[PDB]
Amino acid sequence: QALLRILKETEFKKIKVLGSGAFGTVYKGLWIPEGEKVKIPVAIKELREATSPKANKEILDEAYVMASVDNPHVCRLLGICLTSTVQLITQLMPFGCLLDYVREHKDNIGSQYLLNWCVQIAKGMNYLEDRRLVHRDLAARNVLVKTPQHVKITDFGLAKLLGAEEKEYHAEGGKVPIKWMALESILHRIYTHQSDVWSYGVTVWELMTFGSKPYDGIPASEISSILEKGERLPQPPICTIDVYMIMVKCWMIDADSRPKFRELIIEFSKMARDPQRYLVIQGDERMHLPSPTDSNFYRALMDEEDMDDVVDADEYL
Ligand SMILES: CS(=O)(=O)CCNC(=O)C1=Cc2c(ncnc2Nc2ccc(Oc3cccc(C(F)(F)F)c3)c(Cl)c2)NCC1
């Protein structure tokens, strides 16, 4: 009945690889709670190791905060398994990430959906700020689709868990998502809720460009000098200046001057009330989102025979 379940290796199975990232590698899997008689679809993240790793109790302590979160727009940790590696277990979101979703469905996404996503992301980030948990890796890749009209943030607090605020991580070959990072994070490893704001601006940009790569082609080693010269991501073609100004504010050098998440919830909520005033999308009025389960991503994950007879984590808990 633990908030953070300590799962035995025998309790869960990695079924297929999803992909790798800076902080680790994710798998589709099944969780079979020990005494019970159900199979629950889970994502399983196995982390990158360190030469001088943290003690288990310290890892458990940070993971507890990740399991403690209770908000509609934030994913929560269901379990953890410590061995020679750290493995994190969470409810599988089979519609996939919002980044893949905008890239796939560009021609059917209207202004209402895009603005509603921005609100939802800002609400989840405001909830993390209430929990005093800096995300440190907000990006469109770390926003997951529950339904086309409901998205959730994941992967918060991992950069802290892995020691990316200290020099040792970086000296030992560790990498961080530079093209999403506030300038003060790049230069001095400062991470606050206001550095998350910057990464929020980048996320919104990714959304409004239907999943373009920020500073595409520009080497990561050149990013700090580019930012220092005042250069920023360009206005997305669909955005009025009112919307781009918000993104621009999120990337001010003075972190204290950037909008707050509580402010962004209000501003994007006002825009979502009159979406066609703020985003200019051809055919906006006549745009229909495909049935969520008819998406390629969902079928690709769930139709496998290994996924025999399963119960959604929401229905089980
Ligand atoms: C570009 S790619 O190909 O590399 C993308 C690779 N990933 C994918 O395709 C997908 C992954 C995917 C998913 N459902 C559910 N979680 C997922 N990932 C994921 C992400 C992070 C995780 O660790 C946490 C770390 C800290 C907090 C939390 C917590 F939970 F508290 F928020 C979780 C864990 Cl365990 C899983 N569904 C499919 C989409």
# chains A, B, ... in the order shown; residues from 1 in each chain; ligands from 1
call {"tool": "residues_near_ligand", "arguments": {"ligand": "ligand 1", "cutoff": "7 Å", "atoms": "only C-alpha atoms and all ligand atoms", "output": "VMD selection string"}}
result
chain A and resid 18 to 21 26 42 to 45 66 to 67 74 to 77 88 to 97 141 to 142 144 153 to 158
call {"tool": "select_by_dssp", "arguments": {"residues": "range 42-287 of chain A", "states": "alpha helix (DSSP H)", "output": "CSV table (one decimal) with C-alpha atoms, in the first residue's frame"}}
result
chain,number,residue,atom,x,y,z
A,56,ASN,CA,19.7,3.9,-2.3
A,57,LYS,CA,18.0,5.8,0.6
A,58,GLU,CA,18.8,9.2,-1.1
A,59,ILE,CA,17.4,7.9,-4.4
A,60,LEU,CA,14.4,6.5,-2.6
A,61,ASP,CA,13.9,9.9,-0.9
A,62,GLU,CA,13.9,11.8,-4.2
A,63,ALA,CA,11.7,9.2,-5.9
A,64,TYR,CA,9.1,9.5,-3.1
A,65,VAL,CA,8.5,13.1,-4.2
A,66,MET,CA,7.9,11.8,-7.8
A,67,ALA,CA,5.4,9.2,-6.5
A,68,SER,CA,3.6,11.8,-4.3
A,98,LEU,CA,2.9,15.4,-27.6
A,99,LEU,CA,5.9,16.0,-29.7
A,100,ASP,CA,5.2,13.0,-31.9
A,101,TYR,CA,1.5,13.8,-31.8
A,102,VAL,CA,1.9,17.3,-33.3
A,103,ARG,CA,4.3,16.1,-35.9
A,104,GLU,CA,1.9,13.3,-37.0
A,105,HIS,CA,-1.4,15.3,-36.8
A,111,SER,CA,-6.0,26.6,-32.5
A,112,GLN,CA,-8.2,25.4,-29.6
A,113,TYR,CA,-6.2,22.3,-29.0
A,114,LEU,CA,-2.9,24.0,-29.2
A,115,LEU,CA,-3.9,26.7,-26.7
A,116,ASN,CA,-5.5,24.2,-24.4
A,117,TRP,CA,-2.3,22.2,-24.3
A,118,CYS,CA,-0.4,25.3,-23.3
A,119,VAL,CA,-2.8,25.9,-20.4
A,120,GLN,CA,-2.6,22.3,-19.3
A,121,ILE,CA,1.2,22.3,-19.3
A,122,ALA,CA,1.3,25.5,-17.3
A,123,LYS,CA,-1.1,24.1,-14.8
A,124,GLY,CA,1.1,21.0,-14.2
A,125,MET,CA,4.2,23.2,-14.0
A,126,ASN,CA,2.5,25.4,-11.5
A,127,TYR,CA,1.6,22.3,-9.4
A,128,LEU,CA,5.3,21.2,-9.5
A,129,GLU,CA,6.2,24.7,-8.2
A,130,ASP,CA,3.7,24.3,-5.3
A,158,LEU,CA,15.5,13.3,-12.9
A,159,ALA,CA,18.3,15.9,-13.6
A,160,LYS,CA,18.4,16.5,-9.9
A,161,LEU,CA,18.4,12.8,-9.0
A,167,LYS,CA,30.3,19.3,-11.7
A,168,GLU,CA,30.9,15.5,-11.4
A,169,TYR,CA,28.0,14.5,-13.7
A,170,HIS,CA,29.5,16.8,-16.5
A,171,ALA,CA,33.1,15.7,-15.9
A,183,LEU,CA,21.1,30.7,-19.9
A,184,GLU,CA,21.7,30.7,-16.1
A,185,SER,CA,21.4,26.9,-16.1
A,186,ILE,CA,23.9,26.6,-19.0
A,187,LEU,CA,26.4,29.0,-17.3
A,188,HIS,CA,26.1,28.3,-13.6
A,193,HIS,CA,11.0,27.4,-11.3
A,194,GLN,CA,12.0,30.4,-13.5
A,195,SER,CA,14.5,28.3,-15.5
A,196,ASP,CA,11.5,25.9,-16.0
A,197,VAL,CA,9.7,28.9,-17.4
A,198,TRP,CA,12.3,29.2,-20.2
A,199,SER,CA,12.0,25.6,-21.1
A,200,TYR,CA,8.2,26.1,-21.1
A,201,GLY,CA,8.7,28.8,-23.7
A,202,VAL,CA,10.8,26.4,-25.8
A,203,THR,CA,8.1,23.7,-25.4
A,204,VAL,CA,5.3,26.1,-26.6
A,205,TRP,CA,7.5,27.0,-29.6
A,206,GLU,CA,7.8,23.2,-30.4
A,207,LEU,CA,4.1,22.9,-30.2
A,208,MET,CA,3.3,26.0,-32.4
A,223,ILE,CA,24.1,28.1,-27.9
A,224,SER,CA,25.2,30.2,-24.9
A,225,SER,CA,27.0,32.7,-27.2
A,226,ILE,CA,23.9,32.9,-29.5
A,227,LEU,CA,21.6,33.5,-26.5
A,228,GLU,CA,24.1,36.1,-25.0
A,241,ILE,CA,2.7,38.6,-32.1
A,242,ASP,CA,0.7,38.4,-28.8
A,243,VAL,CA,1.5,34.7,-28.6
A,244,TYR,CA,5.1,35.1,-29.7
A,245,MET,CA,5.6,37.9,-27.1
A,246,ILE,CA,4.8,35.4,-24.4
A,247,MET,CA,7.5,33.0,-25.6
A,248,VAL,CA,9.9,35.9,-25.9
A,249,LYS,CA,9.2,36.9,-22.3
A,250,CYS,CA,9.9,33.3,-21.1
A,261,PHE,CA,3.3,29.7,-14.4
A,262,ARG,CA,0.3,31.1,-12.5
A,263,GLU,CA,0.4,34.1,-15.0
A,264,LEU,CA,0.8,31.8,-18.0
A,265,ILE,CA,-2.2,29.7,-17.0
A,266,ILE,CA,-4.3,33.0,-16.9
A,267,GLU,CA,-3.0,34.3,-20.2
A,268,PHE,CA,-3.2,31.2,-22.2
A,269,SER,CA,-6.7,30.5,-20.7
A,270,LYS,CA,-7.9,33.9,-21.9
A,271,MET,CA,-6.5,33.1,-25.4
A,272,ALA,CA,-8.1,29.7,-25.4
A,275,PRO,CA,-8.4,30.9,-30.2
A,276,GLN,CA,-8.7,32.2,-33.7
A,277,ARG,CA,-7.8,35.7,-32.6
A,278,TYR,CA,-4.4,34.4,-31.4
call {"tool": "atom_distance", "arguments": {"atom1": "CA of residue 179 in chain A", "atom2": "CA of residue 191 in chain A"}}
result
14.8 Å
call {"tool": "select_by_dssp", "arguments": {"residues": "range 3-221 of chain A", "states": "strand (DSSP E)", "output": "PyMOL selection string"}}
result
chain A and resi 5-6+12-20+24-31+40-47+77-82+86-91+143-147+150-153
call {"tool": "atom_distance", "arguments": {"atom1": "CA of residue 3 in chain A", "atom2": "CA of residue 140 in chain A"}}
result
27.4 Å
call {"tool": "atom_distance", "arguments": {"atom1": "CA of residue 31 in chain A", "atom2": "CA of residue 47 in chain A"}}
result
18.2 Å
call {"tool": "residues_around", "arguments": {"residues": "residue 313 in chain A", "least_positions_apart": "3", "cutoff": "7 Å", "atoms": "only C-alpha atoms", "output": "PyMOL selection string"}}
result
chain A and resi 40+91+316-317
